[PDB]
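*Asks:* Below is the structure I would like to discuss, written out as structure tokens.
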Amino acid sequence: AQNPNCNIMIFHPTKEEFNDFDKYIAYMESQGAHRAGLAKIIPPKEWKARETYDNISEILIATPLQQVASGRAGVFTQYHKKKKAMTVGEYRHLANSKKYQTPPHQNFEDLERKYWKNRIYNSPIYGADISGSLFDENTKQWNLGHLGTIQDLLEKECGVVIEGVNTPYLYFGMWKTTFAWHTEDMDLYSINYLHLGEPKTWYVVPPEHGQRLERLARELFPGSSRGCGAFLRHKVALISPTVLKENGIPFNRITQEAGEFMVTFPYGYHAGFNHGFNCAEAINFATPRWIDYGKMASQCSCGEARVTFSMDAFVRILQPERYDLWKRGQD
Ligand SMILES: O=C(O)CNC(=O)C(=O)O
Ligand SMILES: [Mg+2]
Ligand code: NI
Ligand SMILES: [Zn+2]
């Protein structure tokens, strides 16, 4: 079995190997990459996402989110307080202000220590989940707006045509902005490209061990767990690496830098934080191997998770027994 310790793997495809996206995902899996839940892909030196980032300041962040924490430094939840709209230029200035800017630090490990010590005492503002793309239309390789759609994959595997669309999303971050522990909708893959700015640190649990994280989470957030049998779908809970290690949960960590892709694999729980002002693009995708994970994915039906239009067909076709309860939670 390849990669039996479930380490995060880093790949360096050549320009020729960068042509066929599906083929390269399958190659990474042949080497055991999915066992980690997360892989890094460094593009060939000949590749670029677009020419420059000099002209992005007028993009609007209609609903910036202030991420307010509750709990203790290593075990906390966050809620999202909606703020007034602002442009990317305005948000960048805000990220760089004395109130929000990254502190002086020695290296990524020192900054990680500072994150986990001090995150809860601040409320950073995240420009997350903005429909759009920064890939040039002429970029033909690993262009996240030109991937095969998940509806097409389901139709190809299973023969049923379904409604829905699959488009990318932009994330504008600042120091301490946080993504809570989660797997993707319907335990899909995700791919994330860091277009510009400061790094993003990731934590990940191997898919074969995801239920160990779920059991810890129920212990640590007992009110939330009574509320909902799949409350990590709410995407509000944080648990630090120190707490994971104290509880024997298998995990890994890695830092993504500008110009690098990350892929998350089906049922790979992940969480993390931004180092300073940055912009990432991400989208969900599927392969043949995903279908079995989609059929078995948990679902939140308590009302909290609320999701896109396109999840309806995935539940309806892959999980008909659960569909009526899930859709009530949508309503
Ligand atoms: O970058 C973030 O805030 C969150 N990203 C992801 O969870 C992802 O790409 O799958
Ligand atoms: Mg602009
Ligand atoms: Ni994700
Ligand atoms: Zn729920």
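Simple scheme: letters A, B, ... for chains in structure tokens order, numbers from 1 for residues in each chain, numbers from 1 for ligands in the order shown.
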Write as a list in words the residues around ligand 1, taking 8 Å as the cut-off and counting only C-alpha atoms and all ligand atoms.
*Replies:* residues 128, 171, 173, 177, 178, 179, 182, 183, 184, 189, 190, 191, 192, 200, 262, 263, 264, 270, 271, 272, 273, 274, 280, 281, 282, 283 and 284 of chain A
*Asks:* Can you check which parts of chain A lie within 7 Å of ligand 4? Per residue, the shortest pair of atoms and distance in Å to one decimal, counting only C-alpha atoms and all ligand atoms, sorted by chain and number, as JSON lines.
*Replies:*
```
{"residue": "A:227", "atom": "CA", "partner": "ligand 4", "partner_atom_place_in_ligand_line": "1 (Zn)", "distance": 7.0}
{"residue": "A:228", "atom": "CA", "partner": "ligand 4", "partner_atom_place_in_ligand_line": "1 (Zn)", "distance": 4.5}
{"residue": "A:229", "atom": "CA", "partner": "ligand 4", "partner_atom_place_in_ligand_line": "1 (Zn)", "distance": 6.8}
{"residue": "A:230", "atom": "CA", "partner": "ligand 4", "partner_atom_place_in_ligand_line": "1 (Zn)", "distance": 5.7}
{"residue": "A:231", "atom": "CA", "partner": "ligand 4", "partner_atom_place_in_ligand_line": "1 (Zn)", "distance": 4.8}
{"residue": "A:233", "atom": "CA", "partner": "ligand 4", "partner_atom_place_in_ligand_line": "1 (Zn)", "distance": 6.5}
{"residue": "A:234", "atom": "CA", "partner": "ligand 4", "partner_atom_place_in_ligand_line": "1 (Zn)", "distance": 6.2}
{"residue": "A:300", "atom": "CA", "partner": "ligand 4", "partner_atom_place_in_ligand_line": "1 (Zn)", "distance": 4.1}
{"residue": "A:301", "atom": "CA", "partner": "ligand 4", "partner_atom_place_in_ligand_line": "1 (Zn)", "distance": 5.5}
{"residue": "A:302", "atom": "CA", "partner": "ligand 4", "partner_atom_place_in_ligand_line": "1 (Zn)", "distance": 4.2}
{"residue": "A:303", "atom": "CA", "partner": "ligand 4", "partner_atom_place_in_ligand_line": "1 (Zn)", "distance": 5.7}
{"residue": "A:304", "atom": "CA", "partner": "ligand 4", "partner_atom_place_in_ligand_line": "1 (Zn)", "distance": 4.9}
{"residue": "A:305", "atom": "CA", "partner": "ligand 4", "partner_atom_place_in_ligand_line": "1 (Zn)", "distance": 5.7}
```
*Asks:* Ligand 2: which residues are within 8 Å, counting only C-alpha atoms and all ligand atoms? Reply as a CSV table (one decimal) with N, CA and C atoms, in the first residue's frame.
*Replies:*
```
chain,number,residue,atom,x,y,z
A,55,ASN,N,-4.4,44.8,-11.0
A,55,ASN,CA,-5.7,45.4,-11.3
A,55,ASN,C,-6.9,44.8,-10.6
A,56,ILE,N,-6.7,44.3,-9.4
A,56,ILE,CA,-7.7,43.6,-8.6
A,56,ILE,C,-8.4,44.4,-7.5
A,57,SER,N,-8.0,45.7,-7.3
A,57,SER,CA,-8.4,46.4,-6.2
A,57,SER,C,-9.9,46.8,-6.1
A,58,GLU,N,-10.6,46.8,-7.3
A,58,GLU,CA,-11.9,47.2,-7.5
A,58,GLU,C,-13.0,46.1,-7.3
A,59,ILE,N,-12.5,44.8,-7.2
A,59,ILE,CA,-13.4,43.7,-6.8
A,59,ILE,C,-14.1,44.0,-5.6
A,88,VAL,N,-11.6,45.3,-2.5
A,88,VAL,CA,-10.4,44.5,-2.2
A,88,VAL,C,-9.3,45.6,-1.8
```
*Asks:* DSSP on the backbone: what in region 234-285 of chain A comes out strand (DSSP E), as a count of residues only?
*Replies:* 26
*Asks:* As a short mmCIF file (atom, residue, chain, number, x, y, z; two decimals) with N, CA and C atoms, in the first residue's frame, please: the residues near residue 288 (chain A) (cut-off 12 Å, only C-alpha atoms, same-chain neighbours under 4 positions excluded).
*Replies:*
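Dumped to around09.cif:
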```
data_model
loop_
_atom_site.label_atom_id
_atom_site.label_comp_id
_atom_site.auth_asym_id
_atom_site.auth_seq_id
_atom_site.Cartn_x
_atom_site.Cartn_y
_atom_site.Cartn_z
N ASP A 22 -7.25 15.50 -14.86
CA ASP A 22 -7.76 14.26 -14.32
C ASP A 22 -6.66 13.22 -14.20
N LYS A 23 -5.83 13.10 -15.25
CA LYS A 23 -4.80 12.12 -15.27
C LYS A 23 -3.80 12.33 -14.11
N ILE A 25 -4.40 13.88 -11.18
CA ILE A 25 -5.02 13.50 -9.89
C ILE A 25 -4.90 12.01 -9.71
N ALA A 26 -5.28 11.25 -10.77
CA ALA A 26 -5.17 9.79 -10.68
C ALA A 26 -3.72 9.35 -10.40
N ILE A 150 -18.93 18.75 -11.65
CA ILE A 150 -19.36 17.58 -10.83
C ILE A 150 -20.65 16.95 -11.39
N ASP A 152 -21.39 16.80 -14.64
CA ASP A 152 -20.98 15.99 -15.71
C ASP A 152 -20.36 14.66 -15.27
N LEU A 153 -19.55 14.73 -14.18
CA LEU A 153 -18.95 13.51 -13.63
C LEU A 153 -20.07 12.54 -13.17
N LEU A 154 -21.02 13.07 -12.41
CA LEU A 154 -22.14 12.16 -11.96
C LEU A 154 -22.82 11.58 -13.14
N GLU A 155 -23.07 12.39 -14.20
CA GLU A 155 -23.75 11.88 -15.37
C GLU A 155 -22.93 10.89 -16.05
N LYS A 156 -21.62 11.05 -16.26
CA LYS A 156 -20.79 10.13 -16.83
C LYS A 156 -20.69 8.75 -16.06
N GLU A 157 -20.66 8.83 -14.73
CA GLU A 157 -20.53 7.60 -13.92
C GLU A 157 -21.81 6.88 -13.82
N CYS A 158 -22.88 7.56 -13.63
CA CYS A 158 -24.11 6.92 -13.20
C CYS A 158 -25.22 6.96 -14.28
N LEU A 188 -16.82 15.83 -1.28
CA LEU A 188 -16.13 16.10 -2.53
C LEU A 188 -14.64 16.39 -2.32
N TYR A 189 -13.91 16.39 -3.44
CA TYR A 189 -12.56 16.99 -3.41
C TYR A 189 -12.67 18.48 -3.38
N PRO A 266 -11.53 13.33 -0.78
CA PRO A 266 -12.82 12.99 -0.15
C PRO A 266 -12.69 12.56 1.29
N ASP A 292 -18.37 6.70 -4.29
CA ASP A 292 -18.64 5.95 -3.07
C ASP A 292 -18.63 6.80 -1.84
N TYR A 293 -17.77 7.82 -1.80
CA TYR A 293 -17.79 8.75 -0.66
C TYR A 293 -19.06 9.62 -0.65
N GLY A 294 -19.49 10.07 -1.81
CA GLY A 294 -20.71 10.85 -1.86
C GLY A 294 -21.95 10.12 -1.37
#
```
*Asks:* Using only C-alpha atoms, determine which residues lie at most 8 Å from residue 12 (chain A), disregarding the query and same-chain residues fewer than 5 positions distant; provide the list as number ranges by chain.
*Replies:* A: 41-44
*Asks:* Write a file of the selected residues as a CSV table (one decimal), in the first residue's frame, keeping N, CA and C atoms.
*Replies:*
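The result, stored in part-v5.csv:
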```csv
chain,number,residue,atom,x,y,z
A,41,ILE,N,0.7,20.8,-4.8
A,41,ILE,CA,1.2,20.7,-6.2
A,41,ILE,C,1.8,22.0,-6.5
A,42,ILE,N,3.1,21.9,-6.8
A,42,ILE,CA,3.9,23.1,-7.2
A,42,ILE,C,3.9,23.1,-8.8
A,43,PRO,N,3.3,24.1,-9.4
A,43,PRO,CA,3.2,24.2,-10.9
A,43,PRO,C,4.7,24.2,-11.5
A,44,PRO,N,4.8,23.7,-12.8
A,44,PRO,CA,6.1,23.9,-13.5
A,44,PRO,C,6.4,25.4,-13.6
```
*Asks:* Could you name the residues that touch residue 84 (chain A) at 12 Å or less, counting only C-alpha atoms, but leaving out those on the same chain fewer than 3 positions away, as JSON, numbers by chain?
*Replies:* {"A": [60, 61, 62, 63, 64, 65, 66, 81, 87, 90, 91, 125, 127]}
